[PDB]
There are 2 protein chains.
Amino acid sequence: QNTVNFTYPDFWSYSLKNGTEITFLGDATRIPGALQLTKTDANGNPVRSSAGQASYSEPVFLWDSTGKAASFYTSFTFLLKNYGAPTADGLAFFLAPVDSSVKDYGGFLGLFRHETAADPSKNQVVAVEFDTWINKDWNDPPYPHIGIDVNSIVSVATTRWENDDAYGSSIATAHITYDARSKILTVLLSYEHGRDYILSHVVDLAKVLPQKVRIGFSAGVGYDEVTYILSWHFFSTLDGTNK
Amino acid sequence: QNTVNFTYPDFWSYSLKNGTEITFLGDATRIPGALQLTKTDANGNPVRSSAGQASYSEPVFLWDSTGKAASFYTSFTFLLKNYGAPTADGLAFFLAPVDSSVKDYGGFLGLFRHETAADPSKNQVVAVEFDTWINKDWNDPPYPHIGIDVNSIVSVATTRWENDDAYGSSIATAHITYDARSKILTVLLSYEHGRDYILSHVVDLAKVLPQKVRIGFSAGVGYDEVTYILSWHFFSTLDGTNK
Ligand SMILES: *[C@@H]1O[C@H](CO)[C@@H](O[C@@H]2O[C@H](CO)[C@@H](O[C@@H]3O[C@H](CO)[C@@H](O)[C@H](O)[C@@H]3O)[C@H](O)[C@H]2NC(C)=O)[C@H](O[C@@H]2O[C@@H](C)[C@@H](O)[C@@H](O)[C@@H]2O)[C@H]1NC(C)=O
Ligand SMILES: *[C@@H]1O[C@H](CO)[C@@H](O[C@@H]2O[C@H](CO)[C@@H](O[C@@H]3O[C@H](CO)[C@@H](O)[C@H](O)[C@@H]3O)[C@H](O)[C@H]2NC(C)=O)[C@H](O[C@@H]2O[C@@H](C)[C@@H](O)[C@@H](O)[C@@H]2O)[C@H]1NC(C)=O
Ligand SMILES: CO[C@@H]1O[C@H](CO)[C@@H](O[C@@H]2O[C@H](CO)[C@H](O)[C@H](O)[C@H]2O[C@@H]2O[C@@H](C)[C@@H](O)[C@@H](O)[C@@H]2O)[C@H](O[C@@H]2O[C@@H](C)[C@@H](O)[C@@H](O)[C@@H]2O)[C@H]1NC(C)=O
Ligand SMILES: CO[C@@H]1O[C@H](CO)[C@@H](O[C@@H]2O[C@H](CO)[C@H](O)[C@H](O)[C@H]2O[C@@H]2O[C@@H](C)[C@@H](O)[C@@H](O)[C@@H]2O)[C@H](O[C@@H]2O[C@@H](C)[C@@H](O)[C@@H](O)[C@@H]2O)[C@H]1NC(C)=O
Ligand SMILES: [Ca+2]
Ligand SMILES: [Ca+2]
Ligand SMILES: [Mn+2]
Ligand SMILES: [Mn+2]
């Protein structure tokens with residue numbers, strides 16, 4: 001089976017064993033109704049300096065030497081819970097090699113190591129980040145933003161994420177699509193009674209990632225913040241690539 | 001007010017006068033719960049050779065000489081009702097000049113005139129078409145498809161639309177986004193318990209359309225088919241363009 005198709009309308013079925021459908025790494029944990037990305041104390045309050053990842057267990061086929069490549073679409077709703085404003089550091093949906101694991105916390109969103117974070121030759125990861133903290137030292141724009149990261153914590157493209165949304169603690173729905181023919185990654189973020197955010201960028205996944213990858217969520221803190229993934233849908237197709 | 005933001009969860013409030021919020025042209029008509037794109041007889045059966053358009057009444061700002069450009073996102077659910085398979089001709093979401101009107105029926109989707117349909121210099125329209133009929137004479141690929149049209153009925157890009165969906169008569173939800181910074185148009189089509197379709201293409205709207213446009217739906221038939229738009233949401237932002 002070359003493609004994948006799954007939908008989790010909610011996560012109220014929290015009894016599944018770690019690693020069967022979803023794998024949790026670091027401080028990410030499964031709680032009733034959600035995948036909690038970082039650690040919280042007894043009362044459910046955000047702990048500082050924490051990193052965690054929740055990823056699909058089965059490897060995901062992206063491409064192969066025969067020209068076949070997967071176009072995909074993933075949607076998920078999440079609640080980035082904030083305690084005051086601003087908070088740090090955010091979350092990210094990512095695609096990394098099958099054997100990768102959680103990295104540094106804080107501004108690296110558990111996706112990179114401090115030492116190699118700004119070096120594209122030492123990283124193999126593509127991620128759509130929802131950044132809540134301005135790291136002047138890593139080139140973040142002067143406001144919360146949504147960014148597309150290709151092998152580095154320094155986004156190849158970003159777009160303003162308003163303070164009222166970034167620190168509003170309302171449920172948001174994200175749609176991320178990748179067209180394997182035009183090599184276009186598009187991110188759409190919506191708030192029920194608010195605005196929409198759009199960020200598209202040309203990025204050829206075949207040139208930067210291995211043939212099979214693991215997909216998931218990664219978060220890193222930071223302070224006064226915790227992310228919960230409430231639902232998740234993923235679909236891939238080989239359409240338009242000879243097969 | 002430079003940007004626009006509206007949401008129609010449904011169209012059960014059908015008493016609004018033609019031209020106030022939505023303008024209907026040709027055979028497009030407002031019926032309880034939907035915008036009907038083409039003509040049907042007494043029983044609600046599809047009539048042949050019909051064209052109609054349902055468009056937002058207020059002009060929509062796209063760009064201006066000062067560098068400011070609008071990124072946008074539109075979503076809508078529609079029921080393309082089919083009587084047998086195949087059917088013809090499809091529907092399209094489009095952006096055309098403010099003073100344009102409905103054109104030829106059939107494969108032109110009410111967006112072009114037979115005489116100038118394949119000449120980019122004689123048309124000013126960008127449309128995302130959901131094509132149900134293979135017009136060998138206008139370069140349609142050999143199957144139903146979703147295409148991006150820039151000033152011509154001959155799509156600059158397309159993607160397979162499976163027969164079971166194209167002629168299934170199930171409600172579909174479409175999301176179309178345009179990033180004014182990267183000049184990327186992305187189309188996402190989803191079926192509740194089925195698959196998703198993705199088609200992105202680089203197209204600079206500023207180079208092909210006027211500063212203000214009219215947005216809407218256009219359909220052309222054809223036979224054994226009628227399209228109903230069940231909901232519609234549109235949002236535009238000037239984010240990232242100096243203002
Ligand atoms: C869910 O299941 C995964 C494995 O499929 C758990 O992650 C794995 O945890 C192992 C340790 O518990 C890691 O290996 C150890 O490496 C050290 C050396 O660095 C050795 O001393 C030790 O003998 C093990 O070999 C293993 O690398 C790790 N897998 C990955 C891909 O990172 C996971 O555990 C959770 O995440 C890991 C990263 C740690 O943070 C754990 O503390 C944490 O529990 C399992 N998740 C849960 C919630 O149980
Ligand atoms: C909703 O309101 C619009 C106008 O804002 C209607 O469309 C307009 O209809 C006029 C005729 O009814 C068109 O003008 C006529 O042009 C001919 C010459 O070609 C003249 O003989 C005549 O005197 C008028 O000037 C006008 O061009 C048209 N507007 C546009 C932008 O096309 C609309 O009518 C519906 O659509 C038009 C295109 C026709 O198909 C009508 O039959 C049809 O009713 C109104 N819609 C409804 C449902 O009432
Ligand atoms: C003062 O010493 C430590 O300085 C660090 C840099 O200012 C600081 O880390 C940053 O903290 C902010 C929140 O205030 C963001 O999380 C930001 O992403 C952090 O920077 C990242 O992580 C640090 C460790 C470093 O690798 C940077 O290159 C990277 O951009 C430390 O704060 C602590 O650690 C961070 C990760 C976070 O958990 C904080 O809440 C925590 O206080 C500073 N250490 C202190 C103040 O004790
Ligand atoms: C045989 O004479 C007429 O030939 C036309 C071309 O085959 C045909 O139009 C096509 O009809 C199919 C459906 O069978 C599609 O709608 C297709 O898009 C039509 O072609 C378009 O429209 C025609 C008029 C022309 O401009 C083409 O360049 C263009 O691609 C005619 O069919 C009639 O008209 C069309 C529009 C549609 O309403 C049909 O249902 C209708 O029968 C042919 N006329 C006939 C058979 O009487
Ligand atoms: Ca940051
Ligand atoms: Ca056609
Ligand atoms: Mn950032
Ligand atoms: Mn076509």
# chains A, B, ... in the order shown; residues from 1 in each chain; ligands from 1
>>> closest_atom_pairs(of="chain B", to="ligand 6", cutoff="6 Å", atoms="only C-alpha atoms and all ligand atoms", output="tab-separated table")
residue	atom	partner	partner_atom_place_in_ligand_line	distance
B:89	CA	ligand 6	1 (Ca)	5.9
B:107	CA	ligand 6	1 (Ca)	4.7
B:131	CA	ligand 6	1 (Ca)	5.1
B:133	CA	ligand 6	1 (Ca)	4.3
B:134	CA	ligand 6	1 (Ca)	4.7
B:135	CA	ligand 6	1 (Ca)	4.8
B:140	CA	ligand 6	1 (Ca)	5.9
>>> residues_near_ligand(ligand="ligand 2", cutoff="8 Å", atoms="only C-alpha atoms and all ligand atoms", output="PyMOL selection string")
chain B and resi 18-19+23-30+52+99-102
>>> residues_near_ligand(ligand="ligand 4", cutoff="9 Å", atoms="only C-alpha atoms and all ligand atoms", output="PDB file with N, CA, C and O atoms, in the first residue's frame")
ATOM      1  N   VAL B  47     -32.070  21.246 -17.735  1.00  0.00           N
ATOM      2  CA  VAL B  47     -32.405  21.641 -19.095  1.00  0.00           C
ATOM      3  C   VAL B  47     -31.049  21.687 -19.849  1.00  0.00           C
ATOM      4  O   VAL B  47     -30.003  21.784 -19.203  1.00  0.00           O
ATOM      5  N   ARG B  48     -31.039  21.505 -21.173  1.00  0.00           N
ATOM      6  CA  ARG B  48     -29.779  21.542 -21.940  1.00  0.00           C
ATOM      7  C   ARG B  48     -29.380  22.968 -22.342  1.00  0.00           C
ATOM      8  O   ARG B  48     -30.207  23.876 -22.349  1.00  0.00           O
ATOM      9  N   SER B  49     -28.113  23.145 -22.703  1.00  0.00           N
ATOM     10  CA  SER B  49     -27.587  24.442 -23.119  1.00  0.00           C
ATOM     11  C   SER B  49     -28.015  25.597 -22.238  1.00  0.00           C
ATOM     12  O   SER B  49     -28.816  26.431 -22.652  1.00  0.00           O
ATOM     13  N   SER B  50     -27.438  25.682 -21.047  1.00  0.00           N
ATOM     14  CA  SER B  50     -27.771  26.753 -20.117  1.00  0.00           C
ATOM     15  C   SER B  50     -26.503  27.267 -19.429  1.00  0.00           C
ATOM     16  O   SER B  50     -25.545  26.517 -19.220  1.00  0.00           O
ATOM     17  N   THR B  87     -21.904  13.445 -17.511  1.00  0.00           N
ATOM     18  CA  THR B  87     -22.793  14.587 -17.633  1.00  0.00           C
ATOM     19  C   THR B  87     -21.885  15.698 -18.156  1.00  0.00           C
ATOM     20  O   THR B  87     -20.691  15.451 -18.415  1.00  0.00           O
ATOM     21  N   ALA B  88     -22.432  16.896 -18.333  1.00  0.00           N
ATOM     22  CA  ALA B  88     -21.660  18.036 -18.832  1.00  0.00           C
ATOM     23  C   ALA B  88     -22.388  19.312 -18.381  1.00  0.00           C
ATOM     24  O   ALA B  88     -23.616  19.291 -18.282  1.00  0.00           O
ATOM     25  N   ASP B  89     -21.685  20.437 -18.173  1.00  0.00           N
ATOM     26  CA  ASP B  89     -20.237  20.580 -18.346  1.00  0.00           C
ATOM     27  C   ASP B  89     -19.367  20.851 -17.109  1.00  0.00           C
ATOM     28  O   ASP B  89     -18.136  20.749 -17.197  1.00  0.00           O
ATOM     29  N   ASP B 104     -20.848  32.118 -23.091  1.00  0.00           N
ATOM     30  CA  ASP B 104     -21.377  30.883 -23.653  1.00  0.00           C
ATOM     31  C   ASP B 104     -21.589  29.734 -22.702  1.00  0.00           C
ATOM     32  O   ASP B 104     -20.897  29.599 -21.684  1.00  0.00           O
ATOM     33  N   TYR B 105     -22.537  28.881 -23.065  1.00  0.00           N
ATOM     34  CA  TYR B 105     -22.847  27.726 -22.254  1.00  0.00           C
ATOM     35  C   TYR B 105     -22.023  26.533 -22.692  1.00  0.00           C
ATOM     36  O   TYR B 105     -21.106  26.665 -23.497  1.00  0.00           O
ATOM     37  N   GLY B 106     -22.326  25.368 -22.151  1.00  0.00           N
ATOM     38  CA  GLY B 106     -21.571  24.195 -22.522  1.00  0.00           C
ATOM     39  C   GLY B 106     -20.189  24.232 -21.893  1.00  0.00           C
ATOM     40  O   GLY B 106     -20.014  24.819 -20.822  1.00  0.00           O
ATOM     41  N   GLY B 107     -19.212  23.624 -22.564  1.00  0.00           N
ATOM     42  CA  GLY B 107     -17.843  23.579 -22.075  1.00  0.00           C
ATOM     43  C   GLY B 107     -17.130  24.874 -21.691  1.00  0.00           C
ATOM     44  O   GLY B 107     -16.037  24.829 -21.112  1.00  0.00           O
ATOM     45  N   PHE B 108     -17.714  26.020 -22.020  1.00  0.00           N
ATOM     46  CA  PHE B 108     -17.108  27.303 -21.687  1.00  0.00           C
ATOM     47  C   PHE B 108     -17.442  27.766 -20.274  1.00  0.00           C
ATOM     48  O   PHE B 108     -16.966  28.820 -19.825  1.00  0.00           O
ATOM     49  N   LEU B 109     -18.302  26.994 -19.603  1.00  0.00           N
ATOM     50  CA  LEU B 109     -18.742  27.266 -18.232  1.00  0.00           C
ATOM     51  C   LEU B 109     -19.244  28.686 -18.025  1.00  0.00           C
ATOM     52  O   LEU B 109     -19.154  29.232 -16.927  1.00  0.00           O
ATOM     53  N   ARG B 113     -16.378  32.971 -24.638  1.00  0.00           N
ATOM     54  CA  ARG B 113     -17.150  33.002 -25.876  1.00  0.00           C
ATOM     55  C   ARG B 113     -16.398  32.025 -26.792  1.00  0.00           C
ATOM     56  O   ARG B 113     -15.166  31.997 -26.822  1.00  0.00           O
ATOM     57  N   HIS B 114     -17.130  31.226 -27.547  1.00  0.00           N
ATOM     58  CA  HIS B 114     -16.522  30.262 -28.454  1.00  0.00           C
ATOM     59  C   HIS B 114     -15.363  30.822 -29.306  1.00  0.00           C
ATOM     60  O   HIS B 114     -14.305  30.207 -29.399  1.00  0.00           O
ATOM     61  N   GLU B 115     -15.567  32.005 -29.884  1.00  0.00           N
ATOM     62  CA  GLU B 115     -14.573  32.672 -30.735  1.00  0.00           C
ATOM     63  C   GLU B 115     -13.233  33.000 -30.124  1.00  0.00           C
ATOM     64  O   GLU B 115     -12.213  32.921 -30.807  1.00  0.00           O
ATOM     65  N   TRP B 133     -16.958  17.217 -18.397  1.00  0.00           N
ATOM     66  CA  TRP B 133     -16.953  16.764 -19.790  1.00  0.00           C
ATOM     67  C   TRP B 133     -15.667  16.991 -20.564  1.00  0.00           C
ATOM     68  O   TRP B 133     -15.143  18.107 -20.633  1.00  0.00           O
ATOM     69  N   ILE B 134     -15.219  15.931 -21.222  1.00  0.00           N
ATOM     70  CA  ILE B 134     -14.005  15.961 -22.012  1.00  0.00           C
ATOM     71  C   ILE B 134     -14.234  16.609 -23.374  1.00  0.00           C
ATOM     72  O   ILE B 134     -14.907  16.045 -24.244  1.00  0.00           O
ATOM     73  N   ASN B 135     -13.742  17.828 -23.536  1.00  0.00           N
ATOM     74  CA  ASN B 135     -13.887  18.525 -24.803  1.00  0.00           C
ATOM     75  C   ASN B 135     -12.553  18.277 -25.485  1.00  0.00           C
ATOM     76  O   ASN B 135     -11.577  18.956 -25.180  1.00  0.00           O
ATOM     77  N   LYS B 136     -12.486  17.253 -26.335  1.00  0.00           N
ATOM     78  CA  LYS B 136     -11.252  16.925 -27.046  1.00  0.00           C
ATOM     79  C   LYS B 136     -10.788  18.170 -27.802  1.00  0.00           C
ATOM     80  O   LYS B 136      -9.605  18.512 -27.790  1.00  0.00           O
ATOM     81  N   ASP B 137     -11.740  18.900 -28.371  1.00  0.00           N
ATOM     82  CA  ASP B 137     -11.434  20.111 -29.129  1.00  0.00           C
ATOM     83  C   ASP B 137     -10.867  21.322 -28.380  1.00  0.00           C
ATOM     84  O   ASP B 137     -10.488  22.305 -29.011  1.00  0.00           O
ATOM     85  N   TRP B 138     -10.822  21.286 -27.052  1.00  0.00           N
ATOM     86  CA  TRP B 138     -10.282  22.420 -26.295  1.00  0.00           C
ATOM     87  C   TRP B 138      -9.172  21.978 -25.343  1.00  0.00           C
ATOM     88  O   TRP B 138      -8.854  22.660 -24.369  1.00  0.00           O
ATOM     89  N   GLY B 220     -22.045  25.994 -16.849  1.00  0.00           N
ATOM     90  CA  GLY B 220     -22.502  25.922 -18.211  1.00  0.00           C
ATOM     91  C   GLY B 220     -22.835  24.476 -18.492  1.00  0.00           C
ATOM     92  O   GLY B 220     -22.168  23.586 -17.970  1.00  0.00           O
ATOM     93  N   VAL B 221     -23.948  24.230 -19.178  1.00  0.00           N
ATOM     94  CA  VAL B 221     -24.357  22.866 -19.529  1.00  0.00           C
ATOM     95  C   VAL B 221     -24.777  22.938 -21.008  1.00  0.00           C
ATOM     96  O   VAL B 221     -25.072  24.022 -21.502  1.00  0.00           O
ATOM     97  N   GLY B 222     -24.809  21.816 -21.725  1.00  0.00           N
ATOM     98  CA  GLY B 222     -24.473  20.507 -21.178  1.00  0.00           C
ATOM     99  C   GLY B 222     -25.739  19.657 -21.089  1.00  0.00           C
ATOM    100  O   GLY B 222     -26.748  19.970 -21.740  1.00  0.00           O
ATOM    101  N   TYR B 223     -25.718  18.614 -20.268  1.00  0.00           N
ATOM    102  CA  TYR B 223     -26.890  17.764 -20.132  1.00  0.00           C
ATOM    103  C   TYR B 223     -26.839  16.927 -18.857  1.00  0.00           C
ATOM    104  O   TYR B 223     -25.748  16.631 -18.349  1.00  0.00           O
ATOM    105  N   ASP B 224     -28.024  16.631 -18.311  1.00  0.00           N
ATOM    106  CA  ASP B 224     -28.192  15.826 -17.096  1.00  0.00           C
ATOM    107  C   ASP B 224     -27.363  16.303 -15.921  1.00  0.00           C
ATOM    108  O   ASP B 224     -26.856  15.486 -15.146  1.00  0.00           O
TER     109      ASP B 224
END
>>> closest_atom_pairs(of="chain B", to="chain A", cutoff="9 Å", atoms="only C-alpha atoms", output="JSON lines")
{"residue": "B:5", "atom": "CA", "partner": "A:195", "partner_atom": "CA", "distance": 8.2}
{"residue": "B:71", "atom": "CA", "partner": "A:198", "partner_atom": "CA", "distance": 7.2}
{"residue": "B:72", "atom": "CA", "partner": "A:198", "partner_atom": "CA", "distance": 7.3}
{"residue": "B:73", "atom": "CA", "partner": "A:196", "partner_atom": "CA", "distance": 7.2}
{"residue": "B:159", "atom": "CA", "partner": "A:240", "partner_atom": "CA", "distance": 6.8}
{"residue": "B:160", "atom": "CA", "partner": "A:239", "partner_atom": "CA", "distance": 7.1}
{"residue": "B:177", "atom": "CA", "partner": "A:198", "partner_atom": "CA", "distance": 7.0}
{"residue": "B:178", "atom": "CA", "partner": "A:198", "partner_atom": "CA", "distance": 7.4}
{"residue": "B:179", "atom": "CA", "partner": "A:200", "partner_atom": "CA", "distance": 6.0}
{"residue": "B:181", "atom": "CA", "partner": "A:199", "partner_atom": "CA", "distance": 8.5}
{"residue": "B:182", "atom": "CA", "partner": "A:201", "partner_atom": "CA", "distance": 6.3}
{"residue": "B:183", "atom": "CA", "partner": "A:200", "partner_atom": "CA", "distance": 8.4}
{"residue": "B:184", "atom": "CA", "partner": "A:200", "partner_atom": "CA", "distance": 6.3}
{"residue": "B:185", "atom": "CA", "partner": "A:200", "partner_atom": "CA", "distance": 8.4}
{"residue": "B:186", "atom": "CA", "partner": "A:186", "partner_atom": "CA", "distance": 7.2}
{"residue": "B:188", "atom": "CA", "partner": "A:177", "partner_atom": "CA", "distance": 7.9}
{"residue": "B:195", "atom": "CA", "partner": "A:235", "partner_atom": "CA", "distance": 7.3}
{"residue": "B:196", "atom": "CA", "partner": "A:235", "partner_atom": "CA", "distance": 7.0}
{"residue": "B:197", "atom": "CA", "partner": "A:73", "partner_atom": "CA", "distance": 8.2}
{"residue": "B:198", "atom": "CA", "partner": "A:179", "partner_atom": "CA", "distance": 6.2}
{"residue": "B:199", "atom": "CA", "partner": "A:179", "partner_atom": "CA", "distance": 6.1}
{"residue": "B:200", "atom": "CA", "partner": "A:179", "partner_atom": "CA", "distance": 6.0}
{"residue": "B:201", "atom": "CA", "partner": "A:182", "partner_atom": "CA", "distance": 6.3}
{"residue": "B:202", "atom": "CA", "partner": "A:182", "partner_atom": "CA", "distance": 8.1}
{"residue": "B:235", "atom": "CA", "partner": "A:196", "partner_atom": "CA", "distance": 7.0}
{"residue": "B:236", "atom": "CA", "partner": "A:196", "partner_atom": "CA", "distance": 8.3}
{"residue": "B:237", "atom": "CA", "partner": "A:197", "partner_atom": "CA", "distance": 8.4}
{"residue": "B:239", "atom": "CA", "partner": "A:160", "partner_atom": "CA", "distance": 7.1}
{"residue": "B:240", "atom": "CA", "partner": "A:159", "partner_atom": "CA", "distance": 6.8}
>>> atom_distance(atom1="CA of residue 4 (chain A)", atom2="CA of residue 124 (chain A)")
21.6 Å
>>> residues_around(residues="residue 213 (chain A)", least_positions_apart="4", cutoff="8 Å", atoms="only C-alpha atoms", output="list in words")
residues 59, 60, 61, 62, 95, 96, 97, 98 and 209 of chain A
>>> select_by_dssp(residues="region 121-214 of chain A", states="helix (DSSP H, G or I)", output="number ranges by chain")
A: 121-122, 136-138, 163-166, 205-208
>>> write_last_selection(atoms="N, CA, C and O atoms", output="PDB file, in the first residue's frame")
ATOM      1  N   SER A 121      22.527  21.902   6.007  1.00  0.00           N
ATOM      2  CA  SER A 121      23.192  20.649   5.664  1.00  0.00           C
ATOM      3  C   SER A 121      23.172  19.616   6.783  1.00  0.00           C
ATOM      4  O   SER A 121      23.438  18.448   6.539  1.00  0.00           O
ATOM      5  N   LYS A 122      22.848  20.038   8.004  1.00  0.00           N
ATOM      6  CA  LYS A 122      22.815  19.119   9.139  1.00  0.00           C
ATOM      7  C   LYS A 122      21.406  18.757   9.597  1.00  0.00           C
ATOM      8  O   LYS A 122      21.246  18.153  10.655  1.00  0.00           O
ATOM      9  N   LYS A 136      14.963  36.688  18.623  1.00  0.00           N
ATOM     10  CA  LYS A 136      15.747  37.636  17.833  1.00  0.00           C
ATOM     11  C   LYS A 136      16.994  36.916  17.318  1.00  0.00           C
ATOM     12  O   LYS A 136      17.365  37.051  16.151  1.00  0.00           O
ATOM     13  N   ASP A 137      17.575  36.072  18.163  1.00  0.00           N
ATOM     14  CA  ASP A 137      18.777  35.324  17.800  1.00  0.00           C
ATOM     15  C   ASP A 137      18.673  34.255  16.706  1.00  0.00           C
ATOM     16  O   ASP A 137      19.691  33.701  16.299  1.00  0.00           O
ATOM     17  N   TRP A 138      17.470  33.936  16.239  1.00  0.00           N
ATOM     18  CA  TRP A 138      17.326  32.923  15.188  1.00  0.00           C
ATOM     19  C   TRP A 138      16.540  33.465  13.995  1.00  0.00           C
ATOM     20  O   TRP A 138      15.984  32.710  13.199  1.00  0.00           O
ATOM     21  N   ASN A 163      -1.665  38.670  17.456  1.00  0.00           N
ATOM     22  CA  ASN A 163      -1.566  38.446  18.900  1.00  0.00           C
ATOM     23  C   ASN A 163      -2.852  37.907  19.519  1.00  0.00           C
ATOM     24  O   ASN A 163      -2.804  36.988  20.342  1.00  0.00           O
ATOM     25  N   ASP A 164      -3.997  38.430  19.089  1.00  0.00           N
ATOM     26  CA  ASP A 164      -5.287  37.984  19.613  1.00  0.00           C
ATOM     27  C   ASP A 164      -5.567  36.514  19.326  1.00  0.00           C
ATOM     28  O   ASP A 164      -6.374  35.873  20.008  1.00  0.00           O
ATOM     29  N   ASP A 165      -4.945  35.991  18.277  1.00  0.00           N
ATOM     30  CA  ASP A 165      -5.144  34.601  17.920  1.00  0.00           C
ATOM     31  C   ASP A 165      -4.064  33.741  18.508  1.00  0.00           C
ATOM     32  O   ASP A 165      -4.352  32.706  19.110  1.00  0.00           O
ATOM     33  N   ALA A 166      -2.825  34.187  18.362  1.00  0.00           N
ATOM     34  CA  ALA A 166      -1.690  33.454  18.888  1.00  0.00           C
ATOM     35  C   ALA A 166      -1.851  33.229  20.399  1.00  0.00           C
ATOM     36  O   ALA A 166      -1.625  32.130  20.887  1.00  0.00           O
ATOM     37  N   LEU A 205       9.753  18.607  -1.780  1.00  0.00           N
ATOM     38  CA  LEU A 205       9.978  17.651  -0.718  1.00  0.00           C
ATOM     39  C   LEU A 205      10.939  16.514  -1.098  1.00  0.00           C
ATOM     40  O   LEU A 205      11.703  16.035  -0.262  1.00  0.00           O
ATOM     41  N   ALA A 206      10.922  16.106  -2.362  1.00  0.00           N
ATOM     42  CA  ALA A 206      11.793  15.034  -2.841  1.00  0.00           C
ATOM     43  C   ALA A 206      13.280  15.381  -2.728  1.00  0.00           C
ATOM     44  O   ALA A 206      14.108  14.512  -2.478  1.00  0.00           O
ATOM     45  N   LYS A 207      13.618  16.653  -2.894  1.00  0.00           N
ATOM     46  CA  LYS A 207      15.005  17.090  -2.807  1.00  0.00           C
ATOM     47  C   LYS A 207      15.523  17.266  -1.394  1.00  0.00           C
ATOM     48  O   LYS A 207      16.724  17.336  -1.207  1.00  0.00           O
ATOM     49  N   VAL A 208      14.639  17.363  -0.405  1.00  0.00           N
ATOM     50  CA  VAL A 208      15.082  17.549   0.974  1.00  0.00           C
ATOM     51  C   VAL A 208      14.804  16.455   1.992  1.00  0.00           C
ATOM     52  O   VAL A 208      15.450  16.413   3.032  1.00  0.00           O
TER      53      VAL A 208
END
>>> select_by_dssp(residues="region 174-243 of chain B", states="strand (DSSP E)", output="compact mmCIF listing (two decimals) with C-alpha atoms, in the first residue's frame")
# COMPACT_ATOMS: atom_id res chain seq x y z
CA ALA B 174 -13.83 23.26 -1.75
CA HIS B 175 -11.14 25.53 -0.29
CA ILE B 176 -9.26 27.84 -2.62
CA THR B 177 -6.45 30.04 -1.36
CA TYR B 178 -4.24 32.63 -2.99
CA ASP B 179 -1.03 33.83 -1.45
CA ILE B 184 0.29 30.79 -5.39
CA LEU B 185 -3.22 29.58 -5.99
CA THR B 186 -4.18 26.33 -4.26
CA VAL B 187 -7.35 24.30 -4.59
CA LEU B 188 -8.50 21.66 -2.12
CA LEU B 189 -11.62 19.60 -2.75
CA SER B 190 -12.93 17.23 -0.07
CA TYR B 191 -15.69 14.65 0.22
CA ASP B 196 -9.24 14.88 -1.13
CA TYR B 197 -7.95 16.54 -4.28
CA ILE B 198 -5.05 19.03 -4.34
CA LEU B 199 -3.96 21.34 -7.17
CA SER B 200 -1.63 24.32 -6.66
CA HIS B 201 -0.08 26.49 -9.30
CA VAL B 202 1.94 29.67 -9.46
CA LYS B 212 -10.96 45.30 -8.51
CA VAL B 213 -12.81 42.16 -9.59
CA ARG B 214 -16.13 40.39 -9.06
CA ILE B 215 -15.97 36.87 -7.60
CA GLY B 216 -18.47 34.09 -8.00
CA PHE B 217 -19.64 30.86 -9.50
CA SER B 218 -20.28 30.12 -13.10
CA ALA B 219 -21.71 27.03 -14.70
CA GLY B 220 -22.50 25.92 -18.21
CA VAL B 221 -24.36 22.87 -19.53
CA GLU B 225 -26.53 18.13 -14.61
CA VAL B 226 -27.24 21.10 -12.33
CA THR B 227 -25.07 22.70 -9.64
CA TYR B 228 -26.24 24.08 -6.33
CA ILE B 229 -23.92 26.15 -4.10
CA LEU B 230 -24.91 25.36 -0.52
CA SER B 231 -22.61 27.67 1.46
CA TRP B 232 -19.92 30.25 0.88
CA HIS B 233 -17.21 31.98 2.81
CA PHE B 234 -14.65 34.49 1.52
CA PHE B 235 -11.86 36.34 3.33
CA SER B 236 -9.07 38.57 2.05
CA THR B 237 -6.12 40.20 3.77
>>> residues_around(residues="residue 123 (chain B)", least_positions_apart="3", cutoff="9 Å", atoms="only C-alpha atoms", output="number ranges by chain")
B: 112, 116-120, 150-152
>>> atom_distance(atom1="CA of residue 44 (chain A)", atom2="CA of residue 169 (chain A)")
14.7 Å
>>> decode(residues="region 160-165 of chain A", atoms="N, CA and C atoms", output="PDB file, in the first residue's frame")
ATOM      1  N   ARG A 160       2.292  36.980   9.263  1.00  0.00           N
ATOM      2  CA  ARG A 160       1.844  37.462  10.562  1.00  0.00           C
ATOM      3  C   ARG A 160       0.706  36.631  11.157  1.00  0.00           C
ATOM      4  N   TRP A 161       0.808  36.359  12.454  1.00  0.00           N
ATOM      5  CA  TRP A 161      -0.195  35.594  13.186  1.00  0.00           C
ATOM      6  C   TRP A 161      -0.558  36.611  14.250  1.00  0.00           C
ATOM      7  N   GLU A 162      -1.742  37.188  14.163  1.00  0.00           N
ATOM      8  CA  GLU A 162      -2.141  38.184  15.142  1.00  0.00           C
ATOM      9  C   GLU A 162      -2.116  37.752  16.602  1.00  0.00           C
ATOM     10  N   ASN A 163      -1.665  38.670  17.456  1.00  0.00           N
ATOM     11  CA  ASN A 163      -1.566  38.446  18.900  1.00  0.00           C
ATOM     12  C   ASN A 163      -2.852  37.907  19.519  1.00  0.00           C
ATOM     13  N   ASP A 164      -3.997  38.430  19.089  1.00  0.00           N
ATOM     14  CA  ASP A 164      -5.287  37.984  19.613  1.00  0.00           C
ATOM     15  C   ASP A 164      -5.567  36.514  19.326  1.00  0.00           C
ATOM     16  N   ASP A 165      -4.945  35.991  18.277  1.00  0.00           N
ATOM     17  CA  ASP A 165      -5.144  34.601  17.920  1.00  0.00           C
ATOM     18  C   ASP A 165      -4.064  33.741  18.508  1.00  0.00           C
TER      19      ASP A 165
END
